[PDB]
Amino acid sequence: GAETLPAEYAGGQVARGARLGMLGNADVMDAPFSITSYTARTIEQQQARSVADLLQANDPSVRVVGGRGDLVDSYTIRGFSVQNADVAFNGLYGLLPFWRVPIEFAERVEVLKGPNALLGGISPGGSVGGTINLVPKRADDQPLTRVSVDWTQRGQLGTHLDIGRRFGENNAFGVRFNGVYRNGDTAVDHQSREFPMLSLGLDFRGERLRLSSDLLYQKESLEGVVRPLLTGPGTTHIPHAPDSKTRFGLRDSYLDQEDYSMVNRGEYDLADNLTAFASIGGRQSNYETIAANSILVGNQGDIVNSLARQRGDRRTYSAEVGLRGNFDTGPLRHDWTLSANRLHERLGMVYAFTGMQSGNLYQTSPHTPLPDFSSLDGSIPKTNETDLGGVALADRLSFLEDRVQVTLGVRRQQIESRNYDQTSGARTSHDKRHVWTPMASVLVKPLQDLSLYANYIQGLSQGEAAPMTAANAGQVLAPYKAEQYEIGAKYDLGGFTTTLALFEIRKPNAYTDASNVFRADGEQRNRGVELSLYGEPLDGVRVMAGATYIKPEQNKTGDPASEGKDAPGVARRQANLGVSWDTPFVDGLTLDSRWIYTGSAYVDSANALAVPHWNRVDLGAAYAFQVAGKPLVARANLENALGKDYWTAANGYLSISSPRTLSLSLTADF
Ligand SMILES: [K+]
Ligand SMILES: [K+]
Ligand SMILES: [K+]
Ligand SMILES: [K+]
Ligand SMILES: [K+]
Ligand SMILES: [K+]
Ligand SMILES: [K+]
Ligand SMILES: [K+]
Ligand SMILES: [K+]
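See below:
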């Protein structure tokens with residue numbers, strides 16, 4: 161079925177399938193895309209708390225910007241940015257915590273590489289690099305009464321309860337609750353963090369009727385907020401990264417960020433070859449912050465911290481309804497889906513940038529003045545209203561005993577947004593557009609264990625508004641249509657799988673031309689190769705490895721200083737290697753190592769500002785034992801074991817590494 165949880169692959173660290181938006185779940189070997197799905201077991205073994213913790217440690221395609229000391233994580237995938245706000249939830253946008261998705265309630269975290277507008281519609285944030293999808297935990301038949309306690313340097317103490325029960329005839333009903341409370345000093349100087357999280361996953365499985373409800377509350381409170389380093393007009397070189405414990409932004413920064421959501425989902429089998437489905441959900445997101453971005457001034461590490469207060473009240477609704485069925489026109493099977501989706505959001509987002517305070521990269525900042533930001537006090541006005549709605553039709557044509565599979569789709573995507581000035585309430589912009597966006601794929605299975613494939617699909621982003629500097633200040637540009645071609649090969653030898661893919665993604669870029677009109681006449685052309693190996697090649701020895709190579713060409717810019725140069729914040733080379741080993745010499749003892757590599761990259765489109773490659777090494781240990789009939793597992797995670805300090809490049813800015821960080825936990829099942 162479309163919604164059946166894909167089984168775990170050999171080794172239990174990844175799964176055998178993942179969601180393809182409106183098409184539902186597909187096995188890796190029947191997906192004409194590059195998909196990876198990480199399991200709860202991998203989450204729990206690595207003591208990963210966020211999407212970022214997980215993807216950075218394991219995935220060769222994903223690299224994190226911001227990091228855990230910052231209020232936000234973003235992701236780069238196939239040399240494009242992917243916003244945390246663009247992470248899906250069972251294939252739906254707008255329902256997960258806006259700045260940073262927690263994963264201690266997740267059964268899977270999945271990554272579909274490359275744009276996928278046909279499959280899911282436009283992402284709220286306009287991301288086209290790839291779609292990250294979280295699958296919520298459900299209650300298993302066996303009852304779960306799990307408690308764990310944890311410690312993370314320097315003094316964060318936590319507790320996590322995971323309780324599940326199924327009930328009724330044939331265990332038709334499921335209830336799974338997760339609660340976390342984690343609090344205390346982080347690894348970084350003068351920083352502390354509080355984190356409460358509550359989730360519930362509720363399901364009913366009947367004969368023809370399948371229902372679920374997911375609820376989530378979370379809050380992230382920071383005392384001390386790490387922020388990026390911006391390049392300044394005459395930066396000529398990027399200083400060497402400081403000790404990752406140093407905190408060189410605003411000493412008395414804070415964040416309070418709260419997200420909560422609910423989504424209800426259903427299917428009903430109207431006949432043996434016809435199923436209706438729908439989902440309705442929404443999200444409230446409350447944001448309060450004072451912090452500062454650090455700006456490079458000169459070239460020996462001096463900075464200026466540019467202070468801001470930001471307050472946000474964000475209210476999102478997200479829904480889908482559709483039909484899927486199947487028929488035969490002779491030797492050909494049709495598996496068709498007709499879907500319609502809607503995201504509606506009202507946001508108030510106010511800010512004021514006041515304060516410029518001198519600091520240094522190599523120094524943890526002292527207490528400094530907090531400007532008077534009381535002009536943002538009171539109720540937060542509406543600053544934006546957005547409505548994204550689409551209708552799609554797809555058909556997977558299966559031929560020759562399902563060994564050839566041709567998928568075609570088209571979607572009509574509507575976009576509408578209105579903006580209002582934060583001070584005056586004046587209507588500033590109103591964008592209303594539509595785009596038709598198709599896909600086509602083919603997959604052939606020469607062997608049971610070998611799949612070859614090609615796809616074409618697009619990605620959409622809402623057009624930018626012209627900066628106030630420009631001749632066309634305020635004017636909203638047309639949507640950016642990204643286009644992907646990909647081919648690849650997947651080979652499953654039973655215990656492990658190797659994949660290869662080649663892609664290209666072309667996308668318009670906007671810039672201010674030499675006559676001060678902001679135009680989307682730029683083109684980026686990202687072409688790359690991806691290689692992966694995963695599974696359990698020997699008994700008790702699990703491996704996840706991979707490497708990418710990408711040429712992220714700014715193939716059209718006008719400006720000769722940048723033309724045909726590399727897009728900033730996009731390393732050409734990346735790789736990961738992870739090994740998890742059950743020691744045959746001690747019962748219950750498993751040892752993990754990981755190596756993460758990121759090649760050199762640039763911060764600027766002229767490519768005068770390069771930042772070096774980097775390496776991180778992680779070490780883990782888990783020890784499973786019994787006490788009084790009950791299973792316990794003690795774990796250790798050592799992230800960045802070598803204590804390396806490194807910049808991650810982005811476009812016009814960089815984010816500092818986290819320090820060497822030890823986590824310990826004990827888990828008990830009752
Ligand atoms: K899934
Ligand atoms: K890995
Ligand atoms: K970012
Ligand atoms: K998308
Ligand atoms: K959008
Ligand atoms: K957004
Ligand atoms: K824990
Ligand atoms: K706005
Ligand atoms: K590069």
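Under the numbering used here, think of the first position of the sequence shown as 161, with each following residue one higher.
Just so you know, even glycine gets a beta-carbon here, dropped at the ideal spot from N, CA and C.
Check                                                                                                                                                             : Outcome
Would residue 305 be called buried (16 or more neighbouring beta carbons within 10 Å of its own) or exposed?                                                      : exposed
Could you give the DSSP three-state label for residue 765: helix, strand or coil?                                                                                 : coil
Once the 5 residues before and after residue 551 are set aside, which same chain residues still bring their CB inside 6 Å of it?                                  : 500, 572
So what does DSSP say about residue 750, is it helix, strand or coil?                                                                                             : strand
Per the DSSP calculation, residue 308 is bridged to which residue(s)?                                                                                             : 320, 827
For residue 151, which of helix, strand or coil comes out of DSSP?                                                                                                : In the structure as shown, the chain begins at 161 and stops at 830. Residue 151 is therefore absent and cannot be evaluated.
Can you tell me which of 386, 493, 326 puts its alpha carbon nearest to the alpha carbon of residue 555?                                                          : 493
By alpha-carbon positions, which one of 357, 609, 679, 747 ends up nearest to residue 624?                                                                        : 679
Let's see if you can read the secondary structure: which residues bound the beta strand (DSSP E) around residue 247?                                              : No beta strand (DSSP E) holds residue 247; DSSP gives it neither H nor E.
Under the rule that 16 or more other beta-carbon atoms within 10 Å means buried, what is residue 518, buried or exposed?                                          : exposed
Apply the 10 Å Cβ neighbour rule to residue 487 and answer buried if 16 or more other Cβ atoms are within range, or exposed otherwise.                            : exposed
Using the DSSP secondary-structure output, state which residues sit across from residue 640 in a beta bridge.                                                     : 621
Given the structure, does residue 284 come close to ligand 5, in the sense that its CB is under 7 Å from one of the ligand's heavy atoms?                         : yes
For the structure I just gave you, are there three or more beta carbon pairs, one from the region 186–203 and one from the region 268–281, closer than 8 Å?       : yes
Between which two residues does the alpha helix (DSSP H) carrying residue 201 extend?                                                                             : 200–205
Is residue 297 closer than 8 Å to residue 325 when the C-beta atoms are compared?                                                                                 : no
Would you report the Cα separation of residue 168 and residue 532, rounded to the nearest angstrom?                                                               : 54 Å
Are three or more beta carbon pairs between the region 754–771 and the region 785–798 nearer than 8 Å?                                                            : no
Does the beta-carbon of residue 178, which I'm using as the reference point, lie nearer than 7 Å to any heavy atom of ligand 1?                                   : yes
Using the Cβ count rule (16 or more neighbours within 10 Å means buried), how would you classify residue 581?                                                     : exposed
Rounded to whole angstroms, what is the Cα-Cα separation between residue 594 and residue 575?                                                                     : 6 Å
According to the Cβ coordinates, are residue 621 and residue 286 closer than 8 Å?                                                                                 : yes
How far does the beta strand (DSSP E) with residue 786 in it reach, from first residue to last?                                                                   : 774–787
Determine, using beta-carbon pairs with one atom in the region 248–266 and one in the region 392–405, whether at least three such pairs fall under 8 Å.           : no
Starting from residue 668, follow its DSSP beta bridges and name the residues at the other end.                                                                   : 683
Closest to residue 668 by C-alpha separation, out of 231, 240, 175, would be which residue?                                                                       : 240
Residue range of the alpha helix (DSSP H) that residue 423 falls in?                                                                                              : Unbroken run through residue 423 is the beta strand (DSSP E), 414–431; no alpha helix (DSSP H).
Once you ignore the five residues that flank residue 817 on each side, which residues in its own chain have a CB closer than 8 Å to its CB?                       : 227, 401, 404, 774, 776, 800, 804, 805, 806, 807, 808
Counting only runs that start and end within the region 488–553, where is the beta strand (DSSP E) found for 3 or more residues in a row?                         : 493–520
Does the distance between the C-beta of residue 618 and the nearest non-hydrogen atom of ligand 5 fall short of 7 Å?                                              : no
Measuring alpha carbon to alpha carbon, tell me which residue in 820, 199, 689 is nearest residue 735.                                                            : 689
What residues come near ligand 2, if near means a beta carbon less than 5 Å from any of its heavy atoms?                                                          : 218, 704, 736, 738
Suppose the cutoff is 6 Å on Cβ atoms and the five residues either side in sequence are ignored; what does the same chain contact list for residue 591 look like? : 577, 636
When DSSP builds the beta bridges, which residues end up paired with residue 652?                                                                                 : 657
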